[PDB]
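One structure is given here, and the rest of the page talks about it.
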Ligand SMILES: [Mg+2]
Ligand SMILES: [Mg+2]
Ligand SMILES: [Mg+2]
Ligand SMILES: [Mg+2]
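Protein chains in written order, with the working numbering: chain D, 1 to 369; chain U, 370 to 738; chain X, 739 to 1107; chain Y, 1108 to 1476.
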């Protein structure tokens, strides 16, 4: 098989409400979509949604490194040889995981369609039947968050994720707020997106959260400080999860060596797609580190890609890909049986792309052959 | 898909000459072959060749743990879900990698045949085109080994592996013997199969081998002593490879933590097959540890299984599966283009089993449904 | 002071001869030039030359992250507050050191012009009077390199840098070749640009280079493996320098902690400019790690920026910015008194930009206000 | 530019009230002032206030090492080359940070005046707009301290620093005293100036201070024991700050290596001035250690010098230079907008020296040319 052409679509996925986190507010979500054509007529879709604050890739920058750097080197290349495809990309350019993920995903889509089989079947088979979905509450006021949780509660939701990290004294204020508001049977996990910066602030915050029964604290310090994470872990009994601090096997190695975390948040956009994500899961498994497959706010394309990885691995015990249900328009149709996700048995990503929706969301595009 | 029956064949592969190593001599090679039947009529072949001295599994013991423990729990199970298949096996019994490998291989064979694709395509695609084959010289006298190398030299062979480990003063005697005999362009690697026992003996031996230009020393100390391996590595500039010291991710973790080796020898029979072997490769990759896929003396069935793993991974840079060309009868037809191995494009293991040869080599058998 | 506009020029600097290294060959050098305008009429020039293989930034990608991400956030911002400028950039996007360097340099140019003083005066004053220039010999055949050195020898050159890393047995072949060719008074340093990959290969190579009197070995293993670097350093007496393995303070911290190197190669394009480079020098100083300011093949703009950092710091003992003398056309006029570099006393970068040359080299451009 | 002469003034700054700490009581504050003259008519002021108990420098000793050792070697030297100036001083004499600070400050004053720009503009630009000022309560009785805080409370003050360290059982007595007295919104930090000596006493004291909500504990053990500091940090969740334990990069390196502190108190008098202080800030930044610029009780001269460093660095988050507002007479006019400090835009230290006040406070003097 040979790649004959690659279409690049710089689109914008509309959000029902502004997504608010520690380092920024989002009114919508820019994304790069790729359509990969092969000499065998089989086509695959991939997606790259860049987060400037995490991987240093932007919407426009990703579009262009795909256009001028990665795609030209991929024409004529075989999408069935995933290891080879990644070797070529890594050799032509270092890093740029989001751009590489977009290509990786399309290759697996093509692979699955070609073998008339869902992606998870190409990376280990199906292991999970379903995963519960947890509702992420954007940074809001103590009662505005306690309330948004009250609503989702009466819709089946069993667990929530509170985004905090503006001010320790305030973030705490919001926690017991929703904890009290939802009883003591609703699971609660908190993500501070580096908001507490260092171990001193973090440890101070944690002493005020021991009675609230939090499942785990996610990335409390700045991404680059894995050392701080290990120091925190040495003085607290609250499970710790690393997110921005983990991108590729490079930091995975450090996390294992320093025993910096109880769990890691793997995101296709941080490591370069399905294949690299599988490698991370295998690495985390060796050290008994539990994994989660999270994501940037992504369309059905990347989201399903993430679920396929999740559904195929026993070490992946939680999932956080809810972009498709935050947008008012999606170019794909990944179906959620809220409060659960179950994958169908369809080939490739098991998704259908609405050409009309894609085209109306496209701000600019190009084709490379 | 569902497993409907599993046939177990306890066979014996005849050897052209006695295979001699540090802890034993072999006149032939006992092996367990498995034929897996599915409700879809698709059949797969797997193989388990036990080495009592390495994994504590024997020919008969493997046959029986397969018959009474593993196979009954696998009937009705789906061979397409490799992760699930291994989860079931691990849950019913700990360890027993050789027995599990036999089942793992048959599942991949079925998977490949089902998707009309070679195994390597299911675990990363094709990465390598070919690998050079190195000739293993069994433990013999200084001139008997120097000679056997002289022969293979004039047949294309570019690299050899000397099996040593009876007596340091003697093993050394054999090395310069063949080194001198073959010039200084022929690659030479030495495997002592734990023969030197500890770091003191090993370090003494190594000082007498610095001028001979050896590619690497393989497993010089007793398997369980990873610490000794790291100590040796701290005081020598000769690359070190761990073989018997590595079986599953359990020791891989220790090897990475202690920086005990430059390279590892992965064998499907030590870790439980293709899937576990792929996980080891990914783990070794995180630490920059080069991998080799070696083997016990195996028929075409396990041997091809090993090659499929090797051919799909950039981190695997050398290969050592030469059983098919040491036997006078093989139940399979894996083709070697000595001094190279190249895999064909056929589905599954890309091999054909000669029922007649299988049956004449079978000493006893059973079927489980 | 306020930034009123920023012009972006995607140019291409023509090379007299192809620049060859371990991971690629260059016929010319793509670069992004920035012209920063202020409400006070003072203008500054900056430059960003991306190396896809090191920081994962490309020519086009850098142009765009500058255009759509960094520059819009900088309009109205004060270029005199360098710490503030960097805070703004880091807050809007993570990494992207080459793009940030382009802006950093223009700000210092403006700062120097504004205070009618050379850049080095704004970062510690002048410390060095001059630095010797060493000639870099691109990867060639053993005698083609021995020869190119013979030539430069009779032009004043006192030290050379051999680019190697294709094959250990070959790279070595080239070393004694030029060493023998130039006597034993000519300094020789070797850069393998990750070519030997790991410590095993590296240590093997090093034993064959002990008699050649090499000043230091530069980045012998893959960038991400700082651990391998420390392991190598524990078993060799040859000074080691880290290049690609060092980008920002993030790896500097690791290098210090693990004692992975004797010296580091700081490049404005890897850390984000003059200010971050000064911080690295201060950090390296705390651990007694000697520094060198090297570079990507850059025009007079970034090259002088690098020299200003070098000339102001006692801890920086060698310099490697020779792009201006490899090009057949330069947009600036940095003057080299081969075999030495001395900086003038002119304000800012102390350079003059030839508008005509800039414009003829520009492939595409834009302006942001 | 060239230094033509250096005037040394041994003065005494009168204190409104006796300053009491763990290891001594002060009725006034001896200080050494330097006036540096250049061939360009530009003059700069510097200051050195020695603390015998911290750096082993005394009022008279500093005056003389300046007179007979440092100044003679500086005549004819260029004050614009700060890196060079420090190299010369370090080469002529080791340590003596207070004496060197006095010279360092005058050089920056001259530099700023020469470039008609404030000092902070020469070391990174302006980053901060203002810093809150915290009121330091000298060692007194439990109610005498609770009271002094009650007063300052009704003057805008938002945070206080309690000097303790005479007796654990007593020091604690004073803490809840003022904590109770000022409510739970007033920030409180405690400095024991080595008073608890070791980790045993310290850890015992800390268990009795967990409920009082202290921002951080400063230097609880003897200066030289960085190990004790790390041990304490391993068993407490209270942020720890090192003061006397930190002087130059020498101990900064140790603090980073052993993870001995959450924050450090940088003082120009302990490291040799503005330039060395900036280097410490950059070093602390690499490890994510927060910095504070504190001081000995200093006049407007050194105090402004300290603020210029503070205002230019994001890593410096708190400030403690309140000498100008403890004296009844100051030779300078640094203006405080209690409870805040904001620096003006004037060149150099942005201060004016009252010759008459200087002269009446001078006990003895000399001039060196
Ligand atoms: Mg997160
Ligand atoms: Mg072996
Ligand atoms: Mg280099
Ligand atoms: Mg203090």
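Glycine included, every Cβ here is placed at the ideal spot set by N, Cα and C.
Span separating the alpha-carbon of residue i from that of residue j
| i | j | result |
| --- | --- | --- |
| residue 1456/Y | residue 1230/Y | 13 Å |
| residue 1297/Y | residue 1288/Y | 16 Å |
| residue 67/D | residue 33/D | 12 Å |
| residue 112/D | residue 61/D | 29 Å |
| residue 235/D | residue 538/U | 53 Å |
| residue 635/U | residue 522/U | 27 Å |
| residue 661/U | residue 616/U | 13 Å |
| residue 619/U | residue 108/D | 31 Å |
| residue 511/U | residue 465/U | 37 Å |
| residue 809/X | residue 55/D | 19 Å |
| residue 1222/Y | residue 1385/Y | 20 Å |
Coil, strand or helix - residue i by DSSP
| i | result |
| --- | --- |
| residue 691/U | coil |
| residue 1322/Y | coil |
| residue 506/U | strand |
| residue 222/D | coil |
| residue 492/U | coil |
| residue 343/U | It is not possible to answer for residue 343/U, since the shown part of chain U is limited to 370 through 738. |
| residue 365/D | strand |
| residue 6/D | strand |
| residue 372/D | Chain D is shown from 1 up to 369; residue 372/D falls before or after that span and cannot be answered. |
| residue 1217/Y | helix |
| residue 1176/Y | helix |
| residue 946/X | coil |
| residue 1095/X | helix |
| residue 132/D | strand |
| residue 1086/X | strand |
Within chain D, the residues that residue i reaches when beta carbons sit closer than 7 Å
| i | result |
| --- | --- |
| residue 486/U | 115 |
| residue 652/U | 282, 283, 286 |
Contacts that residue i makes with chain X (C-beta to C-beta distance below 7 Å)
| i | result |
| --- | --- |
| residue 1394/Y | 991 |
| residue 64/D | 798, 799, 802 |
| residue 56/D | 831, 832, 833, 834 |
Proximal residues of chain D, C-beta to C-beta of residue i below 8 Å
| i | result |
| --- | --- |
| residue 439/U | What residue 439/U touches in chain D: nothing, since even the nearest Cβ is about 18 Å away. |
Neighbouring residues, chain X, relative to residue i (Cβ below 8 Å)
| i | result |
| --- | --- |
| residue 1229/Y | 860 |
Under 8 Å by beta carbon: chain U residues contacting residue i
| i | result |
| --- | --- |
| residue 127/D | 450, 452, 453, 456 |
Contacts that residue i makes with chain X (C-beta to C-beta distance below 9 Å)
| i | result |
| --- | --- |
| residue 53/D | 829, 830, 831, 832 |
For this session: Identify every run of the beta strand (DSSP E) within the stretch 746-800 of chain X, keeping only runs that are complete inside it and at least 3 residues long; order them along the chain.
Result: 762-776, 781-786
For this session: Give the residues from the stretch 1351-1362 of chain Y that approach chain X closer than 9 Å (Cβ to any Cβ), ordered along the chain.
Result: 1356, 1357, 1359, 1360
For this session: Note down, one range per segment and in chain order, each beta strand (DSSP E) of at least 3 residues found wholly within the stretch 608-657 of chain U.
Result: 609-611, 632-635
Problem set entry | Interface positions of the stretch 562-595 of chain U facing chain X (Cβ-Cβ less than 7 Å), listed along the chain | none
Problem set entry | the stretch 1406-1423 of chain Y: positions lying closer than 9 Å to chain X by Cβ | 1419, 1420, 1421
Exercise. What are the residues of the stretch 817-835 of chain X that lie near chain Y, defined by any Cβ-Cβ distance shorter than 7 Å?
Worked result: 818, 819, 820, 821, 822, 825
Exercise. If you measure beta-carbon to beta-carbon, which residues of the stretch 228-241 of chain D are closer than 9 Å to chain Y?
Worked result: 228, 231, 234, 235, 236
Exercise. Going along the stretch 628-639 of chain U in order, which residues come within less than 7 Å of chain X, judged by CB to CB distance?
Worked result: 628, 631
Exercise. Given a limit of 7 Å on CB to CB distance, which residues of the stretch 1426-1456 of chain Y reach chain X?
Worked result: none
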